[PDB]
Amino acid sequence: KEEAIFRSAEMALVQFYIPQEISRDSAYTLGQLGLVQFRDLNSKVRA
Amino acid sequence: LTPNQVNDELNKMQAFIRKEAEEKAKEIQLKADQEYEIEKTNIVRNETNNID
Amino acid sequence: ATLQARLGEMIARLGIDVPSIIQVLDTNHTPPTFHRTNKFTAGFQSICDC
Amino acid sequence: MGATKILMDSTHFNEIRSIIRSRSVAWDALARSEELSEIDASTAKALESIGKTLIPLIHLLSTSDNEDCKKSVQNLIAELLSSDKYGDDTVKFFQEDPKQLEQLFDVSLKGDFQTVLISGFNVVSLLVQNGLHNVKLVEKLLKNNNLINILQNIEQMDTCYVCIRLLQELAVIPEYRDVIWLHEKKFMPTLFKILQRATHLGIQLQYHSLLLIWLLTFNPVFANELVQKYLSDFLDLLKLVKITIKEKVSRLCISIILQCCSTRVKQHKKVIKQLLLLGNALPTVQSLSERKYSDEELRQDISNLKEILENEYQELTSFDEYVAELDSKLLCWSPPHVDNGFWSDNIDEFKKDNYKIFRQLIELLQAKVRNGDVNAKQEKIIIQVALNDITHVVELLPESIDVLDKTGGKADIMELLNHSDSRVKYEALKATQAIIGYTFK
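Residues numbered from 1 in each chain as written, not as in the entry; some residues may be left out. Chains lettered and ligands numbered in written order. Part of a larger assembly, values for the part shown. Heavy atoms only, no water. Residues with missing side-chain atoms left out of burial classes, pairs and counts.

Judging from the entry metadata, cryo-EM is the method by which this structure was determined, and 3.5 Å is the reported resolution.

So this is what it looks like as structure tokens:
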């Protein structure tokens, strides 16, 4: 149904486990979907 | 429903990983057997050249 | 559900049969702040939450 | 439970087993119908329930004319072979008496497509044991028209996958490896067709198909035969590996390519390496090395292939090779990027005998232009290579401009600047700019 926003909607923290082969394709389709915010995972590893 | 589906998908992914590992192990075993056949025959000839 | 359906559609598009399902992890951390907004409200909400 | 057992994915083979297991009235009803023997009925009673009675069961199956009953019996035997609770007994009952294996094989490879597939799977599992290889029986099975027809029918993806898996399993034993290639033309073109089509079951079909080709690629003589008689698929394998998604398929393809190009195989040092250069394999291998393959074995294979390609390219940088190529027609593109270029020693040698090599190249270009066949694709490629070499030589040796002008090379190049061949037109324009920009200044 509708998911309008007074102030926000209940959002979830979801973890992803994906195979190596389709990882790039999943990233591309997720980016062109654009709905999830990835929290920090390897910020310790410098650039 | 979703947690049961999540567990089923995790089991399926584990089974797929195990199957891929088994296939890789079988390919490695075949390649190792072929390499052993190739090298041992060459190594046997090298060691038996003096005997010949 | 929509995200999982899209991921499954992608997996069908690809040749890999390995599942890539996802599950919720309910942590104690503060969740982010999401505001759907039409063009009649986007600028309003942006100026308000500046 | 036996030395080894098949591990087919059975996307539809499992459904076939279930359908065969679905109908079971023929186990005992045929005996009441005076079809099967009473001893046959007793034997089939055990089959109905989920060491020595196998032989009368085989005899009843051979004598039985009801195709459904024979299919059910064969499915039960196959399940007993596959089942761990009876796998050891199933292996032993044929290992201790290998004579009946030939009769069992002759009983197989007949009936309906599903029935024939089940019987063939059972026969392959029986013949894949550690003992009793029975190479003659394997050759007879390969010569069977039913299995070959099933394999060739690429439309039935499930049946083709089952046949490919059975053939690949039957080729595990090196004793039957050579006999497999004895009828290579019967199946391999279909196998190479599967890889060409690619460029769950579909991914699995490619993996075993690549494995089947790789498995037969162990013998260096067979490797050379496959590289020569089917050079198209061998060349397209690089593109397939480049566009492959699963890491296993790419690793198998890289291993197959390396084995084909291995120095052990005869004529691999030169013919195979040149064929790789004939397929633009160097940039593809460079890109593959750039890509971060997950498998360490795949990375090592990629490194070895890159080293082999680099050695082949270095061997292709011989000024003698360039001279030999220029002596004949149909110039190749791998030398002229180094010899008429970074390998300035080749240019210095070409300078000798008052630009002898430059004069020969100009004569070849003038003959090609005067022939009037510039529209030909091969002639266009030859003209482009000649123009590139001439442009490279002109920059190194300005004195050749006078030779070109005296021989009419400048006028020929100017005329070729208007040629419709855009690929040749770019080279012609570059050569004209080099001649006018540097020498004419």
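The discussion continues.
## Overview of the overall build of chain C
The helix and strand tally for chain C stands at two helices and one strand. Scaling as 2.2 N^0.38, a compact globule of 50 residues should have a C-alpha radius of gyration of about 10 Å, whereas chain C reaches 17 Å, well beyond that. (Helix = DSSP H or I, 4+ residues; strand = E, 2+ residues; numbered from the N terminus. Rg over C-alpha atoms; globule rule 2.2 N^0.38 Å.)

## Section: the domain arrangement of chain D
All names here are of chain D. Annotation of chain D at the domain level lists domain 1 (12-319) and domain 2 (320-439). Using C-alpha coordinates to define each centre, domain 1 is positioned 52 Å away from domain 2. Contact with domain 1, which involves four residues of that partner, is made by seven residues of domain 2. Classifying every residue of the side of domain 1 that touches domain 2 gives two nonpolar, two polar and no charged. (Domains from an automatic or database assignment. Contact = heavy atoms within 4.5 Å. Nonpolar A, V, L, I, M, F, W, Y, C, P; charged D, E, K, R; others polar.)

## A few points about unusual backbone geometry
Peptide bonds are trans in most cases, and residues, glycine excluded, mostly fall at negative phi. Residues and elements named next belong to chain D. The phi angle at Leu109 is positive, at roughly 55°, despite the residue not being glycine. Position of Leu109 relative to the elements: it lies in the loop between α7 (99-107) and α8 (113-127). Backbone geometry at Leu132 places phi at a positive 60°, although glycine is not the residue there. Structurally, the position occupied by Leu132 is in the loop between α8 and α9 (135-143).

## With respect to the interface of chain A and chain C
Facing the 21 residues of chain A at the interface are 19 residues of chain C. Elements with a contribution of two residues or more to the side of chain A that touches chain C: β1 (14-16) and α1 (23-33) of chain A. With four residues, α1(A) is the single largest residue contributor to the side of chain A that touches chain C. Looking at the side of chain A that touches chain C residue by residue, the class counts come to twelve nonpolar, five polar and four charged. Here β1(A) pairs with strand β1 (residues 22-24) of chain C via three bridges, running antiparallel. Directly across from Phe16(A), in β1(C), lies its bridge partner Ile22(C). (Pairing = 2+ DSSP bridges.)

## Observations concerning the side chain of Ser26(A)
Residue position: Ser26(A) is located in helix α1. Polar contacts involving the side chain of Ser26(A) include one to the main-chain carbonyl oxygen of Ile22(A), which spans 2.8 Å. Excluding anything up to four places from it in sequence, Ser26(A) contacts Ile18(A) and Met10(C). (Polar contact = N/O pair within 3.5 Å; in protein donor to acceptor, adjacent residues only side chain to side chain.)

## Considering the environment of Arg36(C)
By secondary structure assignment, the location of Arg36(C) is in the loop between β1 and α2 (39-49). In sequence terms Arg36(C) and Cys48(C) are twelve residues apart; their C-alpha atoms lie 14 Å from each other. Those residues in contact with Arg36(C) that sit more than four places away from it in its chain are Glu3(A) and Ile5(A). Side-chain polar atoms of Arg36(C) contact the backbone oxygen of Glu3(A), separated by 3.4 Å.

## Regarding the packing of aromatic side chains
On the numbers, 6.0 Å between centres and 80° between planes, the contact of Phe16(A) with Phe38(A) is edge-to-face. Taken as a pair, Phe16(A) in strand β1 and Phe38(A) in the segment after α1 lie far apart in primary sequence, 22 residues in all. (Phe/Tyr/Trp six-rings, centres within 6.5 Å; stacked < 30°, edge-to-face > 60°.)

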